[PDB]
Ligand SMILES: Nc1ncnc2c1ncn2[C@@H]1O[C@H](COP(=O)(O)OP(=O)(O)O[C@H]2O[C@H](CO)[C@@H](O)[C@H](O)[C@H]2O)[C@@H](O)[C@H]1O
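In structure tokens, the next block holds one chain alone, the form deposited without the named molecule.
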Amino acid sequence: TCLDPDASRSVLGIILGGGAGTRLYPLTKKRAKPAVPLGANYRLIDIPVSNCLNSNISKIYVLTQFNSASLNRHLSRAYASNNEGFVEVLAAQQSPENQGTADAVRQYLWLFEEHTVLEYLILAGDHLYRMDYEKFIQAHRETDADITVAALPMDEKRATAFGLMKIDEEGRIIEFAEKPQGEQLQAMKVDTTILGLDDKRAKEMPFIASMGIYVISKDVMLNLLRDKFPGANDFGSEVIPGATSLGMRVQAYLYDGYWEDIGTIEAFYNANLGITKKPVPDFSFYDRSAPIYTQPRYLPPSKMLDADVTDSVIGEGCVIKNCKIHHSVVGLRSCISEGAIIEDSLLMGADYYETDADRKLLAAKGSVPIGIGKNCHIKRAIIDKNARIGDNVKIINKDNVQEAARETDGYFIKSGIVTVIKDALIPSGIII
């Protein structure tokens, strides 16, 4: 492995966040998508960013729909330092009221085209994966590629679930397809050994699917967005396929690592309960070499009055009273009162703590303090930031609902997952 010029001074990271589907609502109701809490100590945005930094990419642009003081403070307090690097948030619009990937990038082509760089690293979507973009860049160069598309291998089963690419002798992408049913699926079968897989697993996974992350030569992208296809919206559907029709060197690169998508409540839910996996969680946030970074907070060590946790992870600066936590992920600052039970749940915690004087007024006012009230029962749920769950609240959804837009009540049910909205106040005794 060796890139020259150095990636740090020759590559520009462009993360496609913000602009995304409301597939994560209500989590994206009162906040920029990139800012969505993850793993109890992190935020979605921290993944591609950390990967960029760990991959020696120091020039990072975070694309988003609108501006967030929260996103900034997070990115500013955790990365604003890396020299000659930077991590700037570029926002699509001027307000949270109301795009298309290629559109997103094109909007700021005027800014992008200013940096002296060889390639643009286009990272889009929402995934939990650990990649070293460097090897991916090297391939892009050692092939005089104009566009190098990262590809995920898969057997013909889950193959008709994604968009498939076809490669020639050299691995040059020659054709595309969206869930080719069956009569025309086999046509997409290529022998992936050409991309680095061993005959064994290549015969198992004879299909390649776009991963939604690319490397494009500084000049190509400018020409593609600015001239060849100025009216396109998405990349993996228009630009990429179109640059192919023009006969450009569109190369494939195979990623054989962990890759879990999390653009939906269920996927996200399950992804998060994933680090409580036995005996080894397939994805680990911490890594001796390529760890995921976050905002330094200087929170105290979690306190535990009399808790009986089992198969769960606990975030920083927690205050936990006598209770029972099972198979769950407790976010930072999370307060859990007496006799509470938490099961297969993701408690995102809080952004700040409330003092005793505070819990004092709230009481006299008859309101509920931040946290899980006394003797509450939380099952299969996501309790967003600053939730105020009153006493005796039971979130068990016994009738087993699957859809509910109970916003006014501070919640939402999707795929059977109850999700207490951020800053929501769930009154004592309420059952769900």
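For clarity, a rigid core is taken as the largest C-alpha set superposing within 1.5 Å between two forms. Residue numbers here begin at 1 and follow the sequence given.
The form solved in complex with the named molecule is left out here; the points below concern that form.
Site accessibility, blocked: after C-alpha superposition of the site, the named molecule as positioned in the entry with it bound shows three or more atoms within 2.4 Å of the backbone or C-beta atoms of the displayed chain. Residue contact check for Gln99: one or more of its heavy atoms lie within 4.5 Å of the named molecule in the entry with it bound. Heavy atoms of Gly212 reach within 4.5 Å of the named molecule in the entry with it bound, making it an interface residue. Contact check for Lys179: a heavy atom falls within 4.5 Å of the named molecule in the entry with it bound. Using a 4.5 angstroms limit between non-hydrogen atoms, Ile421 is distant from the named molecule in the entry with it bound.
Only one of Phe86, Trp259, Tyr353, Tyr293 comes within 4.5 Å of the named molecule in the entry with it bound through a heavy atom, and that residue is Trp259. With the partner omitted from this view, the residue of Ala124, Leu128, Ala252, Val330 that lies near the named molecule in the entry with it bound is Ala124 [heavy atom within 4.5 Å].
With the partner omitted here, the stretch from 228-236, 316-324, 181-189, 358-366 that lies within 4.5 Å of the named molecule by heavy atoms in the entry with it bound is 228-236. Taking the named molecule as positioned in the entry with it bound, the only residue of 60-89 that brings a heavy atom within 4.5 Å of it is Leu63. Superposed on the rigid core, the two forms differ between this form and the one not shown by 2 Å or more at the C-alpha of one listed residue only; from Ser217, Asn72, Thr160, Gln107 that residue is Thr160. With the core held fixed, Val190 shows a CA shift of 2 Å or greater between this form and the one not shown.
After superposition on the rigid core, the Cα atom of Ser289 is displaced by less than 2 Å between this form and the one not shown.
With the core superposed, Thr355 shows a C-alpha displacement below 2 Å between this form and the one not shown. In summary, the C-alpha positions of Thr160 and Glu403 converge in the entry with it bound, ending up at least 3 angstroms nearer each other than in this conformation. Legend note: Cα of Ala159 to Cα of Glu266 is at least 3 Å closer in the entry with it bound than in the depicted form.
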